[PDB]
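In what follows, a single structure is set out as structure tokens and then discussed.
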Amino acid sequence: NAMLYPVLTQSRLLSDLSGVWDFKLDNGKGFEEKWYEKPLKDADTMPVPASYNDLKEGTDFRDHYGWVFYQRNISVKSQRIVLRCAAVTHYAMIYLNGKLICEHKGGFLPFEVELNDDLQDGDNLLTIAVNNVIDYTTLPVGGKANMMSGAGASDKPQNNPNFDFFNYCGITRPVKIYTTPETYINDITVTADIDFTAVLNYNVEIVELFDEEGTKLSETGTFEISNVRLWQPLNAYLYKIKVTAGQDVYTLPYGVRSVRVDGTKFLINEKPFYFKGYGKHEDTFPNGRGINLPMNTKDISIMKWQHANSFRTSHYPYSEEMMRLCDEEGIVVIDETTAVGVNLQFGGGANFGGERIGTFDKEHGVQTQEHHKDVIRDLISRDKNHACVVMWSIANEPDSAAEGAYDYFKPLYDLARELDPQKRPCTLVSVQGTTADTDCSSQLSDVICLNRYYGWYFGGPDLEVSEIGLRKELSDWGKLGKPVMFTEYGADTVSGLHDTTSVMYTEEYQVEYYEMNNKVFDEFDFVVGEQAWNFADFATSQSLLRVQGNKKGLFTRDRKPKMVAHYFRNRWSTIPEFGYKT
Amino acid sequence: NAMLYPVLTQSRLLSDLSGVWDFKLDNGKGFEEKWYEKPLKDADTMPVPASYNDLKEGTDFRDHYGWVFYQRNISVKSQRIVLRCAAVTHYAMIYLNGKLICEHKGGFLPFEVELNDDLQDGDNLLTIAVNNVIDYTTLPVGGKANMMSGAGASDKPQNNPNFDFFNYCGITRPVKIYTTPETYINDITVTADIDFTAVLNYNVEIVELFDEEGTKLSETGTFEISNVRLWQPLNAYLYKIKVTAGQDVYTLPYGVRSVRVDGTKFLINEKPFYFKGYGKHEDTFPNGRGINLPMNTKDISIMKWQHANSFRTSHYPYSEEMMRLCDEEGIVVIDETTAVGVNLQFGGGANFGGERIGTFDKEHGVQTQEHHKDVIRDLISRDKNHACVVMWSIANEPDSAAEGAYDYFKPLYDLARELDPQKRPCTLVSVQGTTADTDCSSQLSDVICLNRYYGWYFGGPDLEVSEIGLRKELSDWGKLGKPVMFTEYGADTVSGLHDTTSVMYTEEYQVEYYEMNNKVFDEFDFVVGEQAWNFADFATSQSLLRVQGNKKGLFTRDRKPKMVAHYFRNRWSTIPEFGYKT
Amino acid sequence: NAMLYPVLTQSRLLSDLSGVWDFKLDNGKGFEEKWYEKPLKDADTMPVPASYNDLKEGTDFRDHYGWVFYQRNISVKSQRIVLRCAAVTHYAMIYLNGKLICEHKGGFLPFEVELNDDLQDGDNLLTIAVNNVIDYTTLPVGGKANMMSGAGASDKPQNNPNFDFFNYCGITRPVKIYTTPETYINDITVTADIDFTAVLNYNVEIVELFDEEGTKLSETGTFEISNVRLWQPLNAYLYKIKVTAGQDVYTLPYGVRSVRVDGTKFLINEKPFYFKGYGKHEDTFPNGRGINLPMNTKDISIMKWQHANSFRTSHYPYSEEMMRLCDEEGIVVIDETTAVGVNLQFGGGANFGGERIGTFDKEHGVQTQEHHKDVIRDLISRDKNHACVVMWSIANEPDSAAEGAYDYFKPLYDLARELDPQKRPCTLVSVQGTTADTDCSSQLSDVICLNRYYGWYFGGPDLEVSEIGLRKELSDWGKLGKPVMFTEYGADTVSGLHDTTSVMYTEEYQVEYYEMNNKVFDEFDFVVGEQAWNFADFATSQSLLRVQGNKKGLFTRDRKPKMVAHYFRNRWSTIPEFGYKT
């Protein structure tokens, strides 16, 4: 249930296992050969943490279907030993000296196991198999053909993702080893009540406030009170929390923050906020989905350079190392689960009995609601203590208007409200074609988050006509008395393509696209957020509509800016975080 | 019927009218205002010859629907005066001092008019209106929606071309003024019979051979005979023909050439030929479809640089200035008519009565067969005396497998055979999906010219699977005992996009694409031609599948080479013009 | 003296400190304010390991002059604790709880310190200051103006490097914490003698062979003997060495390899070798000089993709994590020291007394010979047990033909021979203009490694004339009876710049450049190596001659290939590792 971010404490070690491991692609005849027992033979090398897909050469390597084998030797005994894999994508089986230890369905969330039992003296063998297969039982969801069918599924077995990004798999995030005394802290939970005319509830499970610079303060289930400094967007401030328990210490950073909705207003510390930012990705070269601390810190600089404040974990939980990094710098975050691809209208929907299949058919449709719940639990049981997180996104672009939509998301929306000790807003982002009167999110989500492409997929290159449809659909969402946010809107743009009389795919059309849309966003006082799609270019599956990946980014994959990054930087320079609307 | 290329002769003048004219966009209220009478007011400037679409700034200008007005003053009287417009795209009305003189339906072929009658002393006014509307009655054919529908036709009137290139319109080719004595030559026709062990038939209508360097020779309906030097691909040689008649002189260059088919062999002077080249376009910046003598001469250099010999006038007759230029340099040409777009399966076919419309429906389909015939006449009545022309293409990618296909093209195929005093091969290039047993060209065309995209539109990015389909369809065409030529095969490629593990749209995939295809072409001895698509990048209508136009070219629009231009140059260096197959 | 690469063993921990730290730029008033005592205030964030220069926005940040402050909290006691900084660039002062602990001059080599004494119970403070100033007393060497003076040194203080790459500084390589029993292994040294018709000497300081797959074997100052499997380029094989001593274990991988020179032959296991490869850099975005395990493993793939075998640590020792990675994959390495910039002819040489200064003037010249020696010691005392290392490079492009050249490098050449328990070849790479009769390396180095640019800096764009000079200078080096290797030759090339008639900076000129040079290399049987410059594009200081950095790479900075990467891949495909010359 509960995972705490490991760190050097007076009671706990932290031995990182990151490095170059032994690696082998499964050829089917792998598990019967019991490769997990003896050290890998004819093994190649692969760094950890990283996605393997882009680190060796060849289509047969990048597009491999099935299992891969990471191997590594280990050595160390009086303390509780535990092996936390920060993330394995997607499925993982952790052998050790041949004997299985753990399994995990879940590609972008951490899990730990006990280590004292089993284990030996030294020179014992660690093996981790990773599977990449996605289908109707996985999150993210894999289909049975290409997503952009509006290449035939033939011959060789492969993964056909129901999502517009590449299936970067492997040990994406680090593998560490921390220790604990036989009695340990297992979870911390701290809350806040502010008197805007400053008390911190703080349950624990199996304590001293500290202030930013370190000047120690109050001491003590717990509770506190002080004259506090507010955590603000682009103005962070983190108190420290030193938990002293059964001869064990874990330190915790906390920010004082209040989020609630008052109709058409998103309140951050009782002020009228405005989202300025992007949908992002964990996408670099050549790490793929692997973690890249430099690029994380680098994008933060660019975002402050570009006068932003927000972004969304599209379309999966990010790294712990980044969420904390968003606490330090004061970046508003919209956290999101792995629930993308819950939509069987993409491409040609599956056809069991000669007729199309709805998304939530009980027999031939999505079979994810169970695993969907654990993800909501494990995610909120991880990021509950981040002031950067002001909202949860239960899913990206699902069939939120089909039979079964409401009855699918209702229990998930409630589980979200039940487990967040702060009662944060919850939402899902809506596909195009979804209207206010037909969306299961119109009476379920506290804010309306839209993904609309008026002037690109729908209406391009006629920007006059596309503007009419955008206004028509936007006036129709105002009738909910809820806030409306745009989480995706963009236009593919190849860097270096120009013209004075702009056509599609040029840097000039990309600016005119955003000029038209933002001109309409400003006409409505219930729009409390513009989030561009995308922050940077990123890799996808191969298709005719994908020019070496998704070029909708404001920046390139090497983070170099396009002409639109300078448009948004000038625009977002004169738009405040608070009171842009009032 | 007959048009002779004007040139300075002892009897004939030639005053070019090319320059900057007065120009105005029609606003509807134009013909009732009788703008053709008084000189244009509030007029802009436009060079002639050129396509206007790209020479001024603005979508409303580039995408104008309707008429444009060229205006110009003229002045000079004992001779027959005549105004030949080398090409106006598409429809033209030639006023003069307000009084109409001529009209022409036909966008890429010349026409002339008489000038002595009417005309005045000096400072008389010339006005030329040009229309750009295309529909089911035009060649090329315009539809009722975008061509790549596998943007909604809405609100504003526009042209929706049924072809993958831009509707560059205006006075594309020059406007000149030549004079003749009241008795003039109107047509010349010269033929050849070679004894490959050398006689020239030469009718005239209302004469001395001359040899290349100018050493005069035989003299004289006519006839000649000599020990000749053969016109060969990449080895040209043009005799001269000085027609001396009723005090009038017209000089004519001629080449001695023999073309015929002996089963799976294309015979040029009784030798087994092989087409090495491209499908080309009249496409430059910013002239559009306008004539560009430098680029013409420049591409010829590149083609000899790249070790080619052939190309096709895709998809319209080119300039006279280029065809003669192909005679001088020895470039094999496949001449083609304006018949592209005769296919109503593109996009979503029109739907008159709730059900789709076949291409050759008598009531709701193509209405071009009449104008189709005149184009075949006017084209062959123009390019009949070019040794570079070794074949006629009656149409590009038509519905050559639908009801009405045969009965449509049969009279056109015959008119082609009737009017060519050399009995050259005739063909049409076939859409993808057309097979040997279903194509009206399988028993109509003397050679099979295919446009196939195995590995791009159909099968990409799986080059293994795409190879199987290409072999399967190619073995199935061999059973005709006719030669097979590829006139289109390519892959969109953005210059500067690279990867070692190649994906689509990169320069590396483009090479692998051609590597797979050419590997299969060589496996079959009935393939007598590979012609790449395209020679250079060129502009199209705006679509999601068109990244600033058609990037399938080996070169860029400014003629800079891609990595594939160097692949083909190395490949075509070791492939001869003759005997590659035998 | 001796540093062993830390790793999890039965006796030793390894707690990585990599992560996001507190960071502050010195403003002068820093050390007097004793920032090292109290935790940093107004602190920004910076990941470790990384070069800070590119992770925040602004010229004033990227081009900062002076100190930066890394800060971090630490916690843990029965074992010997030690803090090894794998590399700090350039100078480092390691405070802890305010009390200084260590200092290190040396930017690209590791150092460790003792930790038991001092240190506290928990929540004690670690501070690391890093300096970036380079001058005549540093390696690399910093000058007093820009290097490409054939921008005036004015106003603001800055660093003016005497080398063509950027001054990426900071904690480039990781910071870890390992423990040892009070008695520990401090150094291992293993040697080999092969009977080519297989004995391993193995001293230790304060033991069981193991075979690749792990099948244990012989046991035992030591010695061994077996029927061995040879470590070969592109065919690696690493035995394991488990040192069991005073209750302490350290494991060591070893390869059986023999290197010696027999006149014009470089012998690797008594076979005639040929270097196929590049000069490389530790240069990625945005890590700068920071370590990037994915890119390391990625380049190895590309090198095997491109059919290479060798490369050079230009111009500094690389990471331990990469050298071991070169042992696993079988990549020949030419190890190099930080000795670049020992040349005061670059730009305008310094002018103390109105007249130029020679490089090795005792009073106003290079003052590095002392620190130069320690670098040779610390480097060979680190990489002595890598089979990938077949040579040491004492310096890059120094004034190897000026007064003082010989007397400077002589003691360094000897120290190199004294401390390598394998007697590997030693060399330095020579500037252009250096000839055989004038180079202190002509009678000092066992192999002649040249950096020549015939056809670029010297002779471009005339490739005929440049070829004559290259042959003339190459015939003149053959008269030494020593092997000749090219370590640098290239031409700046902007990706995407093309022409059929090639000019400088195009992808075509770059190929013709290498075509001319390699045509001459093959004409001489004493050339035993071609190494391109560079492997990839990389960042430099700003100059008119530097188009966003050094574009001489075969690949781009994001590792995408240029047209020349495919030239070398086809060339190196038919050139073996052995017997290309014989």
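FYI, nothing fancy with the structure tokens labels: chains A, B, ... in order, residues from 1 per chain, ligands from 1 as they appear.
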
Problem set entry | Shell of 12 Å around residue A:447, only C-alpha atoms, local chain residues under 3 positions omitted, as a PyMOL selection string | chain A and resi 260-267+334+390-393+424-430+441-444+450+477-478+480-487+526-529

Exercise. Using only C-alpha atoms, which residues sit within 12 Å of residue C:229 once same-chain residues fewer than 2 positions away are excluded, as a ChimeraX atom specification?
Worked result: /C:194,198,211-212,226-227,231-232,235-239,254-257,269

For this session: Using backbone DSSP assignments, extract all alpha helix (DSSP H) residues from stretch 216-446 of chain C; output them as a PyMOL selection string.
Result: chain C and resi 293-305+320-329+369-383+405-419

Please produce a file of those selected residues containing C-alpha atoms, as a PDB file, in the first residue's frame.
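So the final result, stored in part28.pdb, reads:
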```pdb
ATOM      1  CA  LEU C 293      25.350   5.656 -18.997  1.00  0.00           C
ATOM      2  CA  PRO C 294      22.636   5.371 -21.707  1.00  0.00           C
ATOM      3  CA  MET C 295      24.588   7.409 -24.260  1.00  0.00           C
ATOM      4  CA  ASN C 296      27.721   5.395 -23.439  1.00  0.00           C
ATOM      5  CA  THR C 297      25.929   2.109 -24.135  1.00  0.00           C
ATOM      6  CA  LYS C 298      24.216   3.754 -27.123  1.00  0.00           C
ATOM      7  CA  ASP C 299      27.435   4.892 -28.822  1.00  0.00           C
ATOM      8  CA  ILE C 300      28.878   1.387 -28.386  1.00  0.00           C
ATOM      9  CA  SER C 301      25.913   0.092 -30.393  1.00  0.00           C
ATOM     10  CA  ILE C 302      26.467   2.735 -33.078  1.00  0.00           C
ATOM     11  CA  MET C 303      30.183   1.888 -33.233  1.00  0.00           C
ATOM     12  CA  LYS C 304      29.418  -1.791 -33.801  1.00  0.00           C
ATOM     13  CA  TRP C 305      26.706  -0.643 -36.217  1.00  0.00           C
ATOM     14  CA  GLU C 320      35.267   4.174 -14.944  1.00  0.00           C
ATOM     15  CA  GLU C 321      31.738   3.044 -15.830  1.00  0.00           C
ATOM     16  CA  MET C 322      32.636   3.433 -19.522  1.00  0.00           C
ATOM     17  CA  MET C 323      36.099   1.850 -19.443  1.00  0.00           C
ATOM     18  CA  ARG C 324      34.650  -1.298 -17.883  1.00  0.00           C
ATOM     19  CA  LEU C 325      31.855  -1.026 -20.450  1.00  0.00           C
ATOM     20  CA  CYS C 326      34.574  -1.035 -23.119  1.00  0.00           C
ATOM     21  CA  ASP C 327      36.019  -4.188 -21.539  1.00  0.00           C
ATOM     22  CA  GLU C 328      32.675  -5.990 -21.820  1.00  0.00           C
ATOM     23  CA  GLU C 329      32.038  -5.112 -25.467  1.00  0.00           C
ATOM     24  CA  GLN C 369      54.921  19.713 -15.483  1.00  0.00           C
ATOM     25  CA  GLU C 370      54.415  18.930 -11.794  1.00  0.00           C
ATOM     26  CA  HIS C 371      50.644  18.420 -11.938  1.00  0.00           C
ATOM     27  CA  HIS C 372      51.153  16.739 -15.324  1.00  0.00           C
ATOM     28  CA  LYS C 373      53.035  13.951 -13.529  1.00  0.00           C
ATOM     29  CA  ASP C 374      50.386  13.239 -10.888  1.00  0.00           C
ATOM     30  CA  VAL C 375      47.763  12.942 -13.641  1.00  0.00           C
ATOM     31  CA  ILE C 376      49.865  10.293 -15.405  1.00  0.00           C
ATOM     32  CA  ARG C 377      50.202   8.488 -12.069  1.00  0.00           C
ATOM     33  CA  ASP C 378      46.563   8.736 -10.963  1.00  0.00           C
ATOM     34  CA  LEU C 379      45.368   7.766 -14.454  1.00  0.00           C
ATOM     35  CA  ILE C 380      47.566   4.679 -14.864  1.00  0.00           C
ATOM     36  CA  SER C 381      47.024   3.859 -11.182  1.00  0.00           C
ATOM     37  CA  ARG C 382      43.323   3.641 -12.166  1.00  0.00           C
ATOM     38  CA  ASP C 383      43.049   2.140 -15.672  1.00  0.00           C
ATOM     39  CA  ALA C 405      59.448  20.317 -25.912  1.00  0.00           C
ATOM     40  CA  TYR C 406      61.755  17.316 -25.396  1.00  0.00           C
ATOM     41  CA  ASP C 407      62.938  18.306 -21.924  1.00  0.00           C
ATOM     42  CA  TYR C 408      59.276  18.712 -20.906  1.00  0.00           C
ATOM     43  CA  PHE C 409      57.877  15.389 -22.117  1.00  0.00           C
ATOM     44  CA  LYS C 410      60.932  13.149 -21.481  1.00  0.00           C
ATOM     45  CA  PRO C 411      60.283  12.691 -17.723  1.00  0.00           C
ATOM     46  CA  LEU C 412      56.569  12.237 -18.461  1.00  0.00           C
ATOM     47  CA  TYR C 413      57.234   9.593 -21.121  1.00  0.00           C
ATOM     48  CA  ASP C 414      59.441   7.712 -18.651  1.00  0.00           C
ATOM     49  CA  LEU C 415      56.980   7.923 -15.748  1.00  0.00           C
ATOM     50  CA  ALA C 416      54.484   6.406 -18.187  1.00  0.00           C
ATOM     51  CA  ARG C 417      56.824   3.488 -18.925  1.00  0.00           C
ATOM     52  CA  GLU C 418      57.747   3.055 -15.254  1.00  0.00           C
ATOM     53  CA  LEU C 419      54.224   2.704 -13.854  1.00  0.00           C
TER      54      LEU C 419
END
```

Exercise. Skipping near chain neighbours, those fewer than 2 positions away, what residues fall within 10 Å of stretch 51-59 of chain C using only C-alpha atoms, listed as JSON, numbers by chain?
Worked result: {"A": [294, 295, 296, 297, 298, 299, 300, 301, 302, 304, 305], "C": [23, 44, 45, 46, 47, 48, 49, 61, 62, 63, 64, 68, 88, 89, 166, 167, 168, 169, 170, 171, 172, 173, 285, 286, 287, 288, 289, 290, 291]}

For the residues in the current selection, export N, CA, C and O atoms as a short mmCIF file (atom, residue, chain, number, x, y, z; two decimals), in the first residue's frame.
```cif
data_model
loop_
_atom_site.label_atom_id
_atom_site.label_comp_id
_atom_site.auth_asym_id
_atom_site.auth_seq_id
_atom_site.Cartn_x
_atom_site.Cartn_y
_atom_site.Cartn_z
N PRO A 294 18.96 15.26 -15.17
CA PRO A 294 19.30 16.53 -15.83
C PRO A 294 18.16 17.13 -16.63
O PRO A 294 17.85 18.31 -16.47
N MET A 295 17.52 16.34 -17.49
CA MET A 295 16.45 16.88 -18.32
C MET A 295 15.29 17.38 -17.46
O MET A 295 14.70 18.42 -17.76
N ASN A 296 14.97 16.66 -16.38
CA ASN A 296 13.98 17.14 -15.43
C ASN A 296 14.32 18.55 -14.94
O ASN A 296 13.54 19.49 -15.11
N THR A 297 15.50 18.71 -14.35
CA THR A 297 15.92 20.02 -13.87
C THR A 297 16.03 21.02 -15.02
O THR A 297 15.81 22.23 -14.81
N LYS A 298 16.32 20.55 -16.23
CA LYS A 298 16.48 21.44 -17.37
C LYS A 298 15.13 21.98 -17.83
O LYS A 298 14.99 23.18 -18.13
N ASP A 299 14.12 21.11 -17.92
CA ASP A 299 12.79 21.56 -18.32
C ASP A 299 12.22 22.56 -17.32
O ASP A 299 11.57 23.54 -17.72
N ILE A 300 12.44 22.34 -16.03
CA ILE A 300 12.01 23.29 -15.01
C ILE A 300 12.56 24.68 -15.31
O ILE A 300 11.84 25.68 -15.23
N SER A 301 13.84 24.76 -15.67
CA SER A 301 14.43 26.04 -16.06
C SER A 301 13.69 26.63 -17.25
O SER A 301 13.29 27.80 -17.23
N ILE A 302 13.48 25.82 -18.29
CA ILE A 302 12.79 26.28 -19.49
C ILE A 302 11.38 26.77 -19.14
O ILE A 302 10.91 27.78 -19.68
N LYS A 304 10.25 28.02 -16.26
CA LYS A 304 10.39 29.34 -15.66
C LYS A 304 10.86 30.36 -16.70
O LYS A 304 10.43 31.52 -16.68
N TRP A 305 11.74 29.94 -17.61
CA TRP A 305 12.12 30.79 -18.73
C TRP A 305 10.90 31.20 -19.55
O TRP A 305 10.78 32.36 -19.96
N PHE C 23 22.26 24.26 -4.38
CA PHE C 23 23.26 24.84 -5.26
C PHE C 23 23.20 26.36 -5.16
O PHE C 23 22.12 26.94 -5.08
N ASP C 44 19.34 27.39 -5.06
CA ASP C 44 18.70 26.74 -6.19
C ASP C 44 19.01 25.24 -6.14
O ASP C 44 19.73 24.76 -5.25
N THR C 45 18.46 24.49 -7.08
CA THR C 45 18.62 23.05 -7.12
C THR C 45 19.49 22.64 -8.30
O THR C 45 19.46 23.25 -9.37
N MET C 46 20.27 21.58 -8.10
CA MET C 46 21.13 21.09 -9.16
C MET C 46 21.33 19.59 -9.01
O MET C 46 21.75 19.12 -7.94
N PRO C 47 21.04 18.80 -10.04
CA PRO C 47 21.28 17.36 -9.95
C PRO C 47 22.76 17.04 -9.90
O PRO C 47 23.60 17.76 -10.44
N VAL C 48 23.08 15.94 -9.22
CA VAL C 48 24.43 15.38 -9.20
C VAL C 48 24.29 13.92 -9.60
O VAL C 48 23.40 13.24 -9.08
N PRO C 49 25.13 13.39 -10.50
CA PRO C 49 26.24 14.02 -11.23
C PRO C 49 25.80 14.77 -12.48
O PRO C 49 24.95 14.26 -13.21
N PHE C 61 24.68 32.66 -16.20
CA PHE C 61 24.79 31.37 -15.53
C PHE C 61 25.75 30.44 -16.26
O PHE C 61 26.67 29.88 -15.66
N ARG C 62 25.54 30.25 -17.57
CA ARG C 62 26.37 29.34 -18.35
C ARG C 62 27.83 29.75 -18.34
O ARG C 62 28.72 28.89 -18.39
N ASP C 63 28.10 31.04 -18.27
CA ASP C 63 29.45 31.57 -18.40
C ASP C 63 29.98 32.09 -17.07
O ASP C 63 30.78 33.03 -17.03
N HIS C 64 29.55 31.48 -15.96
CA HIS C 64 29.93 31.95 -14.64
C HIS C 64 31.42 31.72 -14.39
O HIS C 64 31.99 30.72 -14.81
N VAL C 68 31.13 27.50 -7.28
CA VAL C 68 29.74 27.12 -7.07
C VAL C 68 29.71 26.22 -5.84
O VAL C 68 30.71 25.59 -5.49
N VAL C 88 35.53 15.80 -9.93
CA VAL C 88 35.02 17.15 -9.77
C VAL C 88 35.85 18.06 -10.66
O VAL C 88 37.08 17.97 -10.67
N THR C 89 35.18 18.94 -11.42
CA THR C 89 35.81 19.74 -12.46
C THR C 89 35.65 21.22 -12.13
O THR C 89 34.53 21.74 -12.15
N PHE C 166 34.03 23.16 -24.70
CA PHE C 166 33.44 24.02 -23.68
C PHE C 166 33.87 23.60 -22.28
O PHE C 166 34.13 22.43 -22.01
N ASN C 167 33.92 24.58 -21.38
CA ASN C 167 34.41 24.37 -20.01
C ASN C 167 33.27 23.89 -19.11
O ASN C 167 32.89 24.53 -18.13
N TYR C 168 32.72 22.72 -19.45
CA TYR C 168 31.71 22.10 -18.60
C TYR C 168 32.32 21.73 -17.26
O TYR C 168 33.29 20.97 -17.20
N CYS C 169 31.77 22.29 -16.18
CA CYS C 169 32.32 22.11 -14.85
C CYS C 169 31.21 21.74 -13.87
O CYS C 169 30.02 21.86 -14.16
N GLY C 170 31.63 21.28 -12.69
CA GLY C 170 30.75 20.78 -11.65
C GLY C 170 31.09 19.35 -11.28
O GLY C 170 32.08 18.78 -11.73
N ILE C 171 30.24 18.77 -10.43
CA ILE C 171 30.39 17.37 -10.05
C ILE C 171 29.97 16.51 -11.24
O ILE C 171 28.84 16.01 -11.30
N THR C 172 30.89 16.32 -12.19
CA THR C 172 30.55 15.65 -13.44
C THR C 172 30.21 14.18 -13.21
O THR C 172 29.28 13.65 -13.82
N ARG C 173 30.96 13.50 -12.34
CA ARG C 173 30.83 12.07 -12.13
C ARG C 173 30.37 11.78 -10.70
O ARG C 173 30.47 12.64 -9.82
N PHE C 285 23.53 16.38 -24.20
CA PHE C 285 22.64 17.44 -23.76
C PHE C 285 21.61 16.86 -22.80
O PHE C 285 21.02 15.82 -23.10
N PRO C 286 21.38 17.50 -21.65
CA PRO C 286 22.07 18.71 -21.21
C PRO C 286 23.16 18.45 -20.18
O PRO C 286 23.64 19.39 -19.55
N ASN C 287 23.54 17.18 -20.00
CA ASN C 287 24.48 16.80 -18.95
C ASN C 287 25.86 17.43 -19.12
O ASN C 287 26.64 17.43 -18.17
N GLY C 288 26.16 17.98 -20.30
CA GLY C 288 27.49 18.53 -20.53
C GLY C 288 28.54 17.44 -20.44
O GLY C 288 28.47 16.41 -21.14
N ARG C 289 29.53 17.65 -19.57
CA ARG C 289 30.54 16.64 -19.32
C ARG C 289 30.10 15.60 -18.30
O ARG C 289 30.83 14.62 -18.08
N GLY C 290 28.93 15.77 -17.69
CA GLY C 290 28.43 14.77 -16.76
C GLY C 290 28.30 13.40 -17.40
O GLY C 290 28.24 13.25 -18.62
N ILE C 291 28.26 12.38 -16.54
CA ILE C 291 28.24 10.99 -17.00
C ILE C 291 26.84 10.62 -17.47
O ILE C 291 25.84 11.03 -16.87
#
```

Exercise. Chain B residues within 6 Å of chain C, counting only C-alpha atoms: which ones, as a PyMOL selection string?
Worked result: chain B and resi 496+498-499+560

Produce a file of the selected residues containing N, CA, C and O atoms, as a compact mmCIF listing (two decimals), in the first residue's frame.
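What follows is the written file again_4.txt:
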```txt
# COMPACT_ATOMS: atom_id res chain seq x y z
N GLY B 496 17.00 16.06 -43.77
CA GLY B 496 17.60 16.29 -42.48
C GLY B 496 17.11 15.39 -41.37
O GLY B 496 17.63 15.46 -40.25
N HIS B 498 17.01 11.81 -39.73
CA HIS B 498 17.91 10.67 -39.79
C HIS B 498 17.67 9.76 -38.60
O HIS B 498 17.12 10.17 -37.57
N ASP B 499 18.11 8.51 -38.74
CA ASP B 499 18.32 7.61 -37.62
C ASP B 499 19.03 6.37 -38.13
O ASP B 499 18.87 5.97 -39.29
N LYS B 560 18.34 20.57 -54.00
CA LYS B 560 19.42 19.99 -53.22
C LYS B 560 19.16 18.50 -53.00
O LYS B 560 18.02 18.09 -52.77
```

Exercise. If you run DSSP on this backbone, which residues of stretch 155-227 of chain C come out as strand (DSSP E), and could you give them as an NGL selection string?
Worked result: :C and (175-180 or 187-190 or 199-205 or 208-209 or 223-225)

Exercise. Can you tell me, as a list in words, what residues are no more than 10 Å from residue A:42 when counting only C-alpha atoms, ignoring any on the same chain fewer than 5 positions away?
Worked result: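 Near residue A:42, the qualifying residues are residues 22, 23 and 24 of chain A; 213 of chain C.
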
Those same residues - C-alpha atoms - I'd like them written as a PDB file, in the first residue's frame.
```
ATOM      1  CA  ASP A  22      23.601  -8.376 -18.077  1.00  0.00           C
ATOM      2  CA  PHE A  23      20.767  -8.470 -20.584  1.00  0.00           C
ATOM      3  CA  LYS A  24      19.183 -11.007 -22.905  1.00  0.00           C
TER       4      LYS A  24
ATOM      5  CA  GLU C 213      30.219 -17.870 -17.233  1.00  0.00           C
TER       6      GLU C 213
END
```

Exercise. Using only C-alpha atoms, which residues sit within 9 Å of residue C:542 once same-chain residues fewer than 6 positions away are excluded, as a PyMOL selection string?
Worked result: chain C and resi 146+166+548-549

Could you save those same residues with C-alpha atoms as a short mmCIF file (atom, residue, chain, number, x, y, z; two decimals), in the first residue's frame?
```cif
data_model
loop_
_atom_site.label_atom_id
_atom_site.label_comp_id
_atom_site.auth_asym_id
_atom_site.auth_seq_id
_atom_site.Cartn_x
_atom_site.Cartn_y
_atom_site.Cartn_z
CA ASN C 146 40.04 33.30 -27.58
CA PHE C 166 33.44 24.02 -23.68
CA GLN C 548 26.94 26.38 -32.59
CA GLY C 549 29.97 24.25 -31.68
#
```

Exercise. Do you know which residues are at most 7 Å from stretch 156-161 of chain C counting only C-alpha atoms, after dropping those on the same chain fewer than 3 positions away, and could you put them as a list in words?
Worked result: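 Non-adjacent residues within range: residues 65, 133, 134, 141, 142, 143, 144, 145, 146 and 147 of chain C.
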